[PDB]
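These notes are about the structure you will find just below.
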Amino acid sequence: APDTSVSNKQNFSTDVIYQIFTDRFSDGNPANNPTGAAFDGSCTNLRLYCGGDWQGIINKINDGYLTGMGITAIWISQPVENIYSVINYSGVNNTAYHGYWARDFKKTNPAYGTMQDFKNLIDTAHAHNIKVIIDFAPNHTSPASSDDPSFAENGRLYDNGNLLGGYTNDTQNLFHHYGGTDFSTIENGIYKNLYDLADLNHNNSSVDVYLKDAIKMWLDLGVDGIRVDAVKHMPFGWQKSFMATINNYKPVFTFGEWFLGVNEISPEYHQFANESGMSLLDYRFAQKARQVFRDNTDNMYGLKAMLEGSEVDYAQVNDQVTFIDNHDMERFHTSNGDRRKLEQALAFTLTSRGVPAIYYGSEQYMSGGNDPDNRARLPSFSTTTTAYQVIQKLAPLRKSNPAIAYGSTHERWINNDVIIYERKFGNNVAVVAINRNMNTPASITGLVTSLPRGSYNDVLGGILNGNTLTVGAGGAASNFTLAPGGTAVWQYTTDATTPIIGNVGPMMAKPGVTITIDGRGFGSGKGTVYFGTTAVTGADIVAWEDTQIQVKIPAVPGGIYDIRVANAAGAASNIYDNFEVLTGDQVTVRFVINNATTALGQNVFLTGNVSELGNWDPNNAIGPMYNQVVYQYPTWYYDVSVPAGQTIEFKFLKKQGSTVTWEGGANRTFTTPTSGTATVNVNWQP
Ligand SMILES: [Ca+2]
Ligand SMILES: [Ca+2]
């Protein structure tokens, strides 16, 4: 089926996501509304339920509000049953309207609808070529106090109505009992509770298996994507076995949220996007777009440097979800902000690399500060705002122009207030010119592009004051004046003759799993897929057409491989790197080592004989391990995704700078479980 099909659950670069807080969008069925203290139909107390549900989203797909805009994916609130308590936090009452306080991950939140309403949403969205992404928040259940069993629902977890346990008198240790995080370290933020939310213990086998069974159920109901909440607050090792469960079962696009503040660049963030199996909400893009287009705290050179730098730092930049605001940020549009600023930032996001996500109500110019003021009910479903027309004209180019869905980003002209960039994929081109200065015209001279000669009409139709571009010989544009606030988009599409790979999903899975390779120029006849130097042909290629190949991963050893495609004529594509073949199914094992004293700056790591442990290479060892919360120095510990049902060999080592000190003695051995978790508790061998 083509890369642009609604059935492509693995890659979303050709999509535009609309992020919906279910409760704040449309109340299509008032009979399922919470009653009493939990409900506010006027939606003026924004911490209560206002009544929005899945029938409301179905109505807005059916009547053309969402499809008229060109939206091809909706991101909705976590669908699972939440606690029913109205919690009074210092006078103000609070409900689970946001979906984040789960009590049963196998049932629906009845305020949103029944299981049949969820199914009708999937089917209605798919029948209108809209993919459905759900939030999933496996880090916690709900607010709880072990000291006060009567507070809220005591964080209790049910499995399809059967109570597994609560936070008070947690004899099975389903939860962590280490106190609340102060966010001082990543370790601290993982094993301690976020605020008062009962922290799930993923090293408990019942919890591990339950959460994995639960995500499979939602995959079985037809969801096309998962946004995982709080990825910075769960063990990386556990989340990698969780991604392995999804990808080895029914791979769908998965991305997490790891917040970054203005000008913050975090190596751990980029390492998570590059090695976890899921991509991220691109905060780096979002914060810089807001500094240049909203707050005027940086100029176009800052924008250029983020675009150029992120192309390198993210191994798969076409998988990052971009946005200009969302549920954790003040709305982009302010009371005294010019509406053109929002209109340009939306144009920039819709034509840039990644997967664009538009927060509900952007097209209606909603203003609002932080939580909960950025979650007001949508005021209007007017389909004629300039913001609605901008998304309506640009969001289709993601399906029609592969340079926008997949291409490289190249700055063609710039100064403090103007950027003209080009997106290029094969011979498909899109060129975007943005003047953020609302008062001054920009004289453009010397612009050169990859456009064939012609008179290109602005895809926006002049609504943001764009103009026609005349391109002469050799891609040289005739000189022009870009209007104050001007934004224009010019494009050219044609066939690719050469194979070009634009995206691959999933990027981590065991031998036997079918992966999806999207791009252009693959041709109609079945050709060859290379995993490193291993060629895959014939029956292992499940489908081949010009924009998409589906192929089974060969039985090669675990490790990182480059993907390359050769069409039937033997012409080969660009290399798509960093694909991880797993040794097999994954389980998370906690490795604990005692008596490992270290010097300043010296940490303990783990390595062993499978790719998941770095195949004995100190530079790819797992760690640095932890030593403060669950166990304390000189005991170190870490949760690691390792192949299931196998005897692995390993050794611990200390690293400080370039110096590696290996444990002495024989290599350690351990036979991993087939499912669930296990703990290895050992003593440093001198
Ligand atoms: Ca309702
Ligand atoms: Ca946690």
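Remember, it's 1-based here, ligands and their atoms both numbered in the order they're listed. Along the sequence shown, the residues carry numbers beginning at 1. All values below were derived from every heavy atom in this structure, side-chain atoms included, with hydrogens, water molecules and symmetry-related copies excluded.
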Excluding water, the protein N, O or S atoms sitting under 3.0 Å from the Ca ion (ligand 1) are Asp27 OD1, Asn29 O, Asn32 OD1, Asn33 OD1, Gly51 O, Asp53 OD2
What's the verdict on ring-ring contact (aromatic ring centres under 6.0 Å, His included) for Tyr638 and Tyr626, showing C-alpha distance, side-chain angles and the deciding distance? CA-CA 6 Å; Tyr638 215 60; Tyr626 290 154; 4.9 Å; yes
Just checking, is any N or O donor in the side chain of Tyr97 or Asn109 under 3.5 Å from an acceptor N or O on the other one? no
Would you say the side-chain atoms of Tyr112 and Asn82 include a donor-acceptor pair closer than 3.5 Å? no
Applying side chain to side chain donor-acceptor pair (under 3.5 Å), name anything that partners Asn120, two or more places apart in sequence or on another chain. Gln116
State whether a side-chain donor-acceptor pair under 3.5 Å links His327 with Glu257. yes
Quick one about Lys212 and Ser675 (side-chain donor to acceptor, distance below 3.5 Å, no hydrogens or angles considered), yes or no? no
Residue pairs passing the salt bridge (charged side-chain N to carboxylate O under 4.0 Å, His left out) test where at least one lies in residues 144-165, sequence neighbours excluded: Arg103-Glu153, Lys106-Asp159
Side chains of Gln628 and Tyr178: any donor to acceptor distance under 3.5 Å? no
Atoms of type N, O or S from the protein that sit nearer than 3.0 Å to the Ca ion (ligand 2) number exactly 5
For the residue pair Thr588 / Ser241, report whether a side-chain donor-acceptor contact shorter than 3.5 Å exists. yes
